[PDB]
Each structure stands twice: as structure tokens, then as C-alpha cells.
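Printed here is entry.pdb (PDB, C-alpha atoms (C1' of nucleotides)):
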ATOM      1  CA  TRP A   1     166.123 110.193  56.111  1.00  0.00           C
ATOM      2  CA  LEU A   2     163.335 112.773  56.422  1.00  0.00           C
ATOM      3  CA  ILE A   3     165.587 115.217  58.284  1.00  0.00           C
ATOM      4  CA  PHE A   4     168.772 114.807  56.242  1.00  0.00           C
ATOM      5  CA  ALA A   5     167.805 113.852  52.684  1.00  0.00           C
ATOM      6  CA  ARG A   6     164.439 115.579  52.199  1.00  0.00           C
ATOM      7  CA  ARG A   7     165.429 118.537  54.473  1.00  0.00           C
ATOM      8  CA  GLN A   8     162.300 118.007  56.598  1.00  0.00           C
ATOM      9  CA  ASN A   9     164.023 118.801  59.891  1.00  0.00           C
ATOM     10  CA  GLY A  10     160.923 120.315  61.493  1.00  0.00           C
ATOM     11  CA  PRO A  11     159.140 119.374  64.721  1.00  0.00           C
ATOM     12  CA  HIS A  12     158.308 115.670  64.885  1.00  0.00           C
ATOM     13  CA  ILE A  13     156.304 113.921  67.605  1.00  0.00           C
ATOM     14  CA  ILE A  14     156.771 110.293  68.679  1.00  0.00           C
ATOM     15  CA  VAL A  15     154.316 108.776  71.169  1.00  0.00           C
ATOM     16  CA  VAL A  16     155.598 105.580  72.793  1.00  0.00           C
ATOM     17  CA  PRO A  17     154.626 103.432  75.779  1.00  0.00           C
ATOM     18  CA  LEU A  18     156.473 104.235  78.993  1.00  0.00           C
ATOM     19  CA  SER A  19     157.893 100.719  79.426  1.00  0.00           C
ATOM     20  CA  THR A  20     159.706 100.828  76.057  1.00  0.00           C
ATOM     21  CA  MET A  21     161.079 104.376  76.546  1.00  0.00           C
ATOM     22  CA  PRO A  22     164.824 103.611  77.169  1.00  0.00           C
ATOM     23  CA  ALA A  23     164.775 101.281  74.138  1.00  0.00           C
ATOM     24  CA  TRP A  24     163.982 104.342  72.004  1.00  0.00           C
ATOM     25  CA  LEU A  25     166.350 106.697  73.841  1.00  0.00           C
ATOM     26  CA  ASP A  26     169.422 104.501  73.344  1.00  0.00           C
ATOM     27  CA  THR A  27     168.429 103.953  69.701  1.00  0.00           C
ATOM     28  CA  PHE A  28     168.317 107.730  69.201  1.00  0.00           C
ATOM     29  CA  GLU A  29     171.620 108.148  71.058  1.00  0.00           C
ATOM     30  CA  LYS A  30     173.300 105.456  68.931  1.00  0.00           C
ATOM     31  CA  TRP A  31     171.843 105.457  65.411  1.00  0.00           C
ATOM     32  CA  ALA A  32     171.161 109.210  64.988  1.00  0.00           C
ATOM     33  CA  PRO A  33     173.464 111.093  67.395  1.00  0.00           C
ATOM     34  CA  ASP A  34     173.162 114.406  65.510  1.00  0.00           C
ATOM     35  CA  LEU A  35     169.406 114.696  66.135  1.00  0.00           C
ATOM     36  CA  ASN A  36     167.878 117.020  68.731  1.00  0.00           C
ATOM     37  CA  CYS A  37     165.728 114.318  70.305  1.00  0.00           C
ATOM     38  CA  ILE A  38     164.111 115.467  73.552  1.00  0.00           C
ATOM     39  CA  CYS A  39     162.256 113.630  76.308  1.00  0.00           C
ATOM     40  CA  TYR A  40     158.855 114.410  77.856  1.00  0.00           C
ATOM     41  CA  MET A  41     157.931 112.846  81.191  1.00  0.00           C
ATOM     42  CA  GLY A  42     157.950 114.005  84.794  1.00  0.00           C
ATOM     43  CA  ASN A  43     155.859 116.093  87.132  1.00  0.00           C
ATOM     44  CA  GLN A  44     154.566 119.600  86.404  1.00  0.00           C
ATOM     45  CA  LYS A  45     157.886 121.281  87.228  1.00  0.00           C
ATOM     46  CA  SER A  46     159.980 118.971  85.013  1.00  0.00           C
ATOM     47  CA  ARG A  47     157.594 119.486  82.094  1.00  0.00           C
ATOM     48  CA  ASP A  48     157.661 123.241  82.766  1.00  0.00           C
ATOM     49  CA  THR A  49     161.476 123.123  82.646  1.00  0.00           C
TER      50      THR A  49
ATOM     51  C1'  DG F   1      67.320  92.217 218.988  1.00  0.00           C
ATOM     52  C1'  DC F   2      67.993  95.448 215.029  1.00  0.00           C
ATOM     53  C1'  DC F   3      70.709  97.272 211.145  1.00  0.00           C
ATOM     54  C1'  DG F   4      74.537  97.395 207.653  1.00  0.00           C
ATOM     55  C1'  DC F   5      77.949  94.932 204.288  1.00  0.00           C
ATOM     56  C1'  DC F   6      79.991  90.912 201.101  1.00  0.00           C
ATOM     57  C1'  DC F   7      79.156  86.746 197.880  1.00  0.00           C
ATOM     58  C1'  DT F   8      76.530  84.376 194.059  1.00  0.00           C
ATOM     59  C1'  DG F   9      72.476  82.927 190.727  1.00  0.00           C
ATOM     60  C1'  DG F  10      68.930  83.541 186.622  1.00  0.00           C
ATOM     61  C1'  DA F  11      66.529  86.566 183.389  1.00  0.00           C
ATOM     62  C1'  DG F  12      66.567  90.943 179.836  1.00  0.00           C
ATOM     63  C1'  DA F  13      69.084  93.046 175.934  1.00  0.00           C
ATOM     64  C1'  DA F  14      72.937  93.458 172.128  1.00  0.00           C
ATOM     65  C1'  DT F  15      75.172  90.998 168.060  1.00  0.00           C
ATOM     66  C1'  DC F  16      76.146  87.373 164.211  1.00  0.00           C
ATOM     67  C1'  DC F  17      74.119  84.571 160.691  1.00  0.00           C
ATOM     68  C1'  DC F  18      70.626  83.317 157.111  1.00  0.00           C
ATOM     69  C1'  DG F  19      66.695  83.954 154.005  1.00  0.00           C
ATOM     70  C1'  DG F  20      63.391  86.871 151.126  1.00  0.00           C
ATOM     71  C1'  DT F  21      63.255  90.786 148.116  1.00  0.00           C
ATOM     72  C1'  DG F  22      64.505  95.196 145.457  1.00  0.00           C
ATOM     73  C1'  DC F  23      68.030  97.894 142.529  1.00  0.00           C
ATOM     74  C1'  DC F  24      72.593  98.760 139.147  1.00  0.00           C
ATOM     75  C1'  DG F  25      75.530  96.916 135.063  1.00  0.00           C
ATOM     76  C1'  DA F  26      75.512  94.084 131.322  1.00  0.00           C
ATOM     77  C1'  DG F  27      73.911  90.875 127.725  1.00  0.00           C
ATOM     78  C1'  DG F  28      70.198  88.643 124.702  1.00  0.00           C
ATOM     79  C1'  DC F  29      66.436  90.030 121.687  1.00  0.00           C
ATOM     80  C1'  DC F  30      63.859  92.880 118.424  1.00  0.00           C
ATOM     81  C1'  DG F  31      63.238  96.496 114.948  1.00  0.00           C
ATOM     82  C1'  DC F  32      64.909  99.850 111.525  1.00  0.00           C
ATOM     83  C1'  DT F  33      67.902 100.471 107.671  1.00  0.00           C
ATOM     84  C1'  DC F  34      71.629 101.503 104.894  1.00  0.00           C
ATOM     85  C1'  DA F  35      75.708  99.651 103.149  1.00  0.00           C
ATOM     86  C1'  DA F  36      77.943  95.250 101.890  1.00  0.00           C
ATOM     87  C1'  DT F  37      76.948  91.306  98.825  1.00  0.00           C
ATOM     88  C1'  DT F  38      75.716  88.933  94.431  1.00  0.00           C
ATOM     89  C1'  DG F  39      75.122  88.667  89.702  1.00  0.00           C
ATOM     90  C1'  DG F  40      75.886  90.271  85.112  1.00  0.00           C
ATOM     91  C1'  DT F  41      78.360  93.319  81.449  1.00  0.00           C
ATOM     92  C1'  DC F  42      82.157  95.569  79.473  1.00  0.00           C
ATOM     93  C1'  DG F  43      86.348  98.349  78.838  1.00  0.00           C
ATOM     94  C1'  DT F  44      91.054  98.736  79.621  1.00  0.00           C
ATOM     95  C1'  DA F  45      95.450  98.100  82.791  1.00  0.00           C
ATOM     96  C1'  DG F  46      98.707  95.485  82.704  1.00  0.00           C
ATOM     97  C1'  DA F  47     101.128  91.160  81.484  1.00  0.00           C
ATOM     98  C1'  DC F  48     103.732  89.297  77.794  1.00  0.00           C
ATOM     99  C1'  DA F  49     106.605  89.182  73.733  1.00  0.00           C
ATOM    100  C1'  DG F  50     109.954  91.466  70.630  1.00  0.00           C
ATOM    101  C1'  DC F  51     113.711  94.635  68.922  1.00  0.00           C
ATOM    102  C1'  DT F  52     117.282  98.480  69.806  1.00  0.00           C
ATOM    103  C1'  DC F  53     120.616 100.921  72.363  1.00  0.00           C
ATOM    104  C1'  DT F  54     123.080 102.269  76.630  1.00  0.00           C
ATOM    105  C1'  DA F  55     124.739 101.537  81.430  1.00  0.00           C
ATOM    106  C1'  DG F  56     126.677  98.401  84.791  1.00  0.00           C
ATOM    107  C1'  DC F  57     129.890  94.605  86.400  1.00  0.00           C
ATOM    108  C1'  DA F  58     133.743  91.209  87.366  1.00  0.00           C
ATOM    109  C1'  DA F  59     138.385  90.933  86.992  1.00  0.00           C
ATOM    110  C1'  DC F  60     142.553  92.474  85.234  1.00  0.00           C
ATOM    111  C1'  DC F  61     146.154  96.190  83.356  1.00  0.00           C
ATOM    112  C1'  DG F  62     149.227 100.657  83.618  1.00  0.00           C
ATOM    113  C1'  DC F  63     150.517 105.485  85.317  1.00  0.00           C
ATOM    114  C1'  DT F  64     150.437 109.477  88.355  1.00  0.00           C
ATOM    115  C1'  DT F  65     150.192 111.769  92.377  1.00  0.00           C
ATOM    116  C1'  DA F  66     147.983 113.429  96.139  1.00  0.00           C
ATOM    117  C1'  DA F  67     146.011 111.631 100.180  1.00  0.00           C
ATOM    118  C1'  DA F  68     146.678 108.567 104.018  1.00  0.00           C
ATOM    119  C1'  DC F  69     149.570 106.728 107.561  1.00  0.00           C
ATOM    120  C1'  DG F  70     153.195 106.307 111.001  1.00  0.00           C
ATOM    121  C1'  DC F  71     156.106 108.610 114.247  1.00  0.00           C
ATOM    122  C1'  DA F  72     158.121 112.088 117.255  1.00  0.00           C
ATOM    123  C1'  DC F  73     157.417 116.126 120.057  1.00  0.00           C
ATOM    124  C1'  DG F  74     155.206 119.535 122.617  1.00  0.00           C
ATOM    125  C1'  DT F  75     151.771 121.995 124.818  1.00  0.00           C
ATOM    126  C1'  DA F  76     147.044 123.119 125.400  1.00  0.00           C
ATOM    127  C1'  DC F  77     143.125 121.566 127.377  1.00  0.00           C
ATOM    128  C1'  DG F  78     140.143 118.065 129.988  1.00  0.00           C
ATOM    129  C1'  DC F  79     139.681 116.911 134.366  1.00  0.00           C
ATOM    130  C1'  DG F  80     140.108 116.650 139.293  1.00  0.00           C
ATOM    131  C1'  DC F  81     140.398 119.204 143.727  1.00  0.00           C
ATOM    132  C1'  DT F  82     139.232 123.121 146.764  1.00  0.00           C
ATOM    133  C1'  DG F  83     137.040 127.280 148.248  1.00  0.00           C
ATOM    134  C1'  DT F  84     133.111 130.375 148.453  1.00  0.00           C
ATOM    135  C1'  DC F  85     129.007 132.434 148.260  1.00  0.00           C
ATOM    136  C1'  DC F  86     124.551 132.670 146.664  1.00  0.00           C
ATOM    137  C1'  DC F  87     120.523 131.133 145.364  1.00  0.00           C
ATOM    138  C1'  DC F  88     117.243 127.629 145.451  1.00  0.00           C
ATOM    139  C1'  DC F  89     114.759 124.485 148.509  1.00  0.00           C
ATOM    140  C1'  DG F  90     112.002 123.245 152.517  1.00  0.00           C
ATOM    141  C1'  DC F  91     108.624 124.847 155.639  1.00  0.00           C
ATOM    142  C1'  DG F  92     105.232 127.725 158.080  1.00  0.00           C
ATOM    143  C1'  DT F  93     101.588 131.222 157.387  1.00  0.00           C
ATOM    144  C1'  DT F  94      98.267 133.930 154.901  1.00  0.00           C
ATOM    145  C1'  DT F  95      95.628 134.957 150.765  1.00  0.00           C
ATOM    146  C1'  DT F  96      93.154 133.999 146.706  1.00  0.00           C
ATOM    147  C1'  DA F  97      91.233 132.248 143.007  1.00  0.00           C
ATOM    148  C1'  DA F  98      90.096 127.660 140.780  1.00  0.00           C
ATOM    149  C1'  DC F  99      86.311 124.801 140.935  1.00  0.00           C
ATOM    150  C1'  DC F 100      81.705 123.609 141.227  1.00  0.00           C
ATOM    151  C1'  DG F 101      77.032 124.898 141.158  1.00  0.00           C
ATOM    152  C1'  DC F 102      73.866 128.764 139.450  1.00  0.00           C
ATOM    153  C1'  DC F 103      71.022 132.197 136.374  1.00  0.00           C
ATOM    154  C1'  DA F 104      69.484 134.897 131.713  1.00  0.00           C
ATOM    155  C1'  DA F 105      68.870 135.310 126.854  1.00  0.00           C
ATOM    156  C1'  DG F 106      70.710 134.764 122.416  1.00  0.00           C
ATOM    157  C1'  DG F 107      73.515 133.231 118.522  1.00  0.00           C
ATOM    158  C1'  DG F 108      76.541 129.358 116.114  1.00  0.00           C
ATOM    159  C1'  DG F 109      76.613 125.267 114.378  1.00  0.00           C
ATOM    160  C1'  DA F 110      75.366 120.343 113.570  1.00  0.00           C
ATOM    161  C1'  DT F 111      71.839 117.371 111.513  1.00  0.00           C
ATOM    162  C1'  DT F 112      67.510 116.435 108.068  1.00  0.00           C
ATOM    163  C1'  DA F 113      65.040 117.455 104.020  1.00  0.00           C
ATOM    164  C1'  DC F 114      64.364 119.990  99.800  1.00  0.00           C
ATOM    165  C1'  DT F 115      65.158 122.934  95.507  1.00  0.00           C
ATOM    166  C1'  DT F 116      67.924 124.802  91.818  1.00  0.00           C
ATOM    167  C1'  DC F 117      71.622 126.107  88.694  1.00  0.00           C
ATOM    168  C1'  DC F 118      76.340 126.811  87.652  1.00  0.00           C
ATOM    169  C1'  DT F 119      80.263 124.709  86.803  1.00  0.00           C
ATOM    170  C1'  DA F 120      83.301 121.065  85.936  1.00  0.00           C
ATOM    171  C1'  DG F 121      83.679 116.424  83.612  1.00  0.00           C
ATOM    172  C1'  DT F 122      83.554 114.412  79.014  1.00  0.00           C
ATOM    173  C1'  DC F 123      83.956 114.275  73.999  1.00  0.00           C
ATOM    174  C1'  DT F 124      85.602 115.944  69.413  1.00  0.00           C
ATOM    175  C1'  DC F 125      88.547 118.612  66.619  1.00  0.00           C
ATOM    176  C1'  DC F 126      92.356 121.480  65.790  1.00  0.00           C
ATOM    177  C1'  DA F 127      96.507 124.257  66.204  1.00  0.00           C
ATOM    178  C1'  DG F 128     100.484 126.133  68.354  1.00  0.00           C
ATOM    179  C1'  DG F 129     103.876 125.552  72.107  1.00  0.00           C
ATOM    180  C1'  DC F 130     107.630 122.694  73.328  1.00  0.00           C
ATOM    181  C1'  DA F 131     111.376 119.807  72.159  1.00  0.00           C
ATOM    182  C1'  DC F 132     115.100 119.016  68.985  1.00  0.00           C
ATOM    183  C1'  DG F 133     118.360 120.138  65.186  1.00  0.00           C
ATOM    184  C1'  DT F 134     120.794 123.436  62.363  1.00  0.00           C
ATOM    185  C1'  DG F 135     122.485 127.754  59.408  1.00  0.00           C
ATOM    186  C1'  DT F 136     124.220 132.111  60.432  1.00  0.00           C
ATOM    187  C1'  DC F 137     126.079 136.144  62.827  1.00  0.00           C
ATOM    188  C1'  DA F 138     128.438 139.464  66.048  1.00  0.00           C
ATOM    189  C1'  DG F 139     131.658 139.716  70.150  1.00  0.00           C
ATOM    190  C1'  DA F 140     136.140 137.918  72.045  1.00  0.00           C
ATOM    191  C1'  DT F 141     140.936 136.445  71.160  1.00  0.00           C
ATOM    192  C1'  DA F 142     145.395 135.778  69.003  1.00  0.00           C
ATOM    193  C1'  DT F 143     148.987 137.345  65.834  1.00  0.00           C
ATOM    194  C1'  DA F 144     151.188 140.018  61.253  1.00  0.00           C
ATOM    195  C1'  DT F 145     153.285 144.019  60.165  1.00  0.00           C
ATOM    196  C1'  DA F 146     154.698 148.946  60.306  1.00  0.00           C
ATOM    197  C1'  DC F 147     156.591 153.204  63.158  1.00  0.00           C
ATOM    198  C1'  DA F 148     159.358 155.600  67.279  1.00  0.00           C
ATOM    199  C1'  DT F 149     163.249 154.750  70.011  1.00  0.00           C
ATOM    200  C1'  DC F 150     167.940 153.319  73.223  1.00  0.00           C
ATOM    201  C1'  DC F 151     172.481 151.755  73.097  1.00  0.00           C
TER     202       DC F 151
END
How would this structure read if it were set down as C-alpha cells?
Amino acid sequence: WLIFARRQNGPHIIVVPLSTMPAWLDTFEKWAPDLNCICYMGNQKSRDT
DNA sequence: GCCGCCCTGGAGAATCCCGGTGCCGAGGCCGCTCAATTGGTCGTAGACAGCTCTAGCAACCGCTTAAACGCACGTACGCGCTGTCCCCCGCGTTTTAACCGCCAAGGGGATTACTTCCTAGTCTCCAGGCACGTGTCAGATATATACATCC
């Protein structure tokens, strides 16, 4: 609603526990498929990528 | 008949043991004598209580990730053996100086007692240096925007 209706499509940050991480990823992939949701874990090289 | 040679007995001297007496090491006793003891007084060091704030601790969690661990291989090094030669050890001989016992006088230093005075302890008062907190300021850093240029 913030991205589409109010045109606030800027950078948003969501900080979640690691154990609940796929439960947010599938929710983003299902409910809002047009969003540019990105993932941030890994070692130093994955985060550099 | 006279002279020379072999066998055996008792008295004189050396040695072991015991008693009386004098000398070395140590302990009891006495005398000085100074430092430990006793008794009293008082100040304060520390024990105790109380409140506040911070670190540690037992037992659990979760995540990351680098260190630890296990294994295989290979090769370098510890170790054993042998040779060799050289240098240290044992011994005999000669020297030499350490060691002990001596001057010869003089100064250094340890005590005992005494005198004196300078300097450091102690007390009171005060002030500024140290510890803590904060406003402000100049150097370092990151980016906004305008100009020259290659394809």
C-alpha cells in the first residue's frame, strides 16, 4: 500500500529473525510479486555480491 | 793326673697394674646493668552498620566462522655406527711461591662520652593544581555543480 497507493516506493528495510526468514520470502513471492524484495545473509563475498 | 766341653738351677732386671695428685673444658655462682615488664592514660584504627551502583556467575539460547582435528603422504632429520686423529690425562721431575712466623711505624676505624645547632616533624591556615565536565573552533572528509572533451 505504501509503494503503490502513496507512491512511496523508496528503500525500505525489514529486520527479521533468521529462523522465520523463508516465511517472509514466500509471502513476498506470493502476495506482492511485483516488488523488488532482496535478501541479505551470507559470508563476506555473498554480501559483497 | 790334668785340662777342656755339655747340661741345669736360682737370683737380678724389665713390664703391667693401681693409687695419689695436678691441669684443661665446662658449668654454677656472682655482679653489673640495660632493656623487658607493669601499671595507668588516651587517641584513633578498625570493626560494624547502612545505602548505592556495578561486575560477576550459573545455566541456557542463537549465529557465524575461523580454528582445531583427523588423515594421507613424503622427506628431512634424529640417531646409530665407524673411522680418525688430536688433545687431554696420567705420571715423573724440577721449580717456586704460598704459608707461616717476623719486624717497623703510622693511619683508619670502632667504641665511649660530651656539646651544640640545624633541620625536619608538627600544627594551622590558605590557595591553586588536579580531576572532571562542557562550549567552541579549526582541520579533515565527502559531495553539488559547472566547464573541457571523445565518440
Quiz prompt | Atomic distance atom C1' of residue 44 of chain F - atom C1' of residue 121 of chain F, expressed in Å with one decimal | solution =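 So the answer is 19.6 Å.
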Which residues of chain F sit at most 10 Å from chain A, using only C-alpha atoms (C1' of nucleotides)? Give each one's shortest atom pair and distance in Å (one decimal place), in chain and ascending residue order, as JSON lines.
{"residue": "F:62", "atom": "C1'", "partner": "A:18", "partner_atom": "CA", "distance": 9.3}
{"residue": "F:63", "atom": "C1'", "partner": "A:18", "partner_atom": "CA", "distance": 8.8}
{"residue": "F:64", "atom": "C1'", "partner": "A:43", "partner_atom": "CA", "distance": 8.6}
{"residue": "F:65", "atom": "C1'", "partner": "A:43", "partner_atom": "CA", "distance": 8.8}
Quiz item: Suppose you want the space between atom CA of residue 22 of chain A and atom CA of residue 47 of chain A; what is it in Å?
Solution: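 Atom-to-atom, atom CA of residue 22 of chain A to atom CA of residue 47 of chain A, that is 18.1 Å.
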List as a compact mmCIF listing (two decimals) with C-alpha atoms, in the frame of the given file the protein and nucleic acid residues near residue 34 of chain A, meaning an atom at most 12 Å away when all atoms listed in the file are counted, but skip any in the same chain fewer than 3 places from it.
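And here is the file that came out, selection28.txt:
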# COMPACT_ATOMS: atom_id res chain seq x y z
CA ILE A 3 165.59 115.22 58.28
CA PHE A 4 168.77 114.81 56.24
CA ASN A 9 164.02 118.80 59.89
CA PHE A 28 168.32 107.73 69.20
CA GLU A 29 171.62 108.15 71.06
CA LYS A 30 173.30 105.46 68.93
CA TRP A 31 171.84 105.46 65.41
CA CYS A 37 165.73 114.32 70.31
All file atoms of segment 14-22 of chain F boxed axis-aligned, 4 Å per side, centre plus edges, as JSON:
{"center_x": 69.7, "center_y": 89.3, "center_z": 158.8, "size_x": 20.9, "size_y": 19.9, "size_z": 34.7}
Quiz item: Between atom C1' of residue 54 of chain F and atom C1' of residue 132 of chain F, what is the spacing in Å?
Solution: 20.1 Å
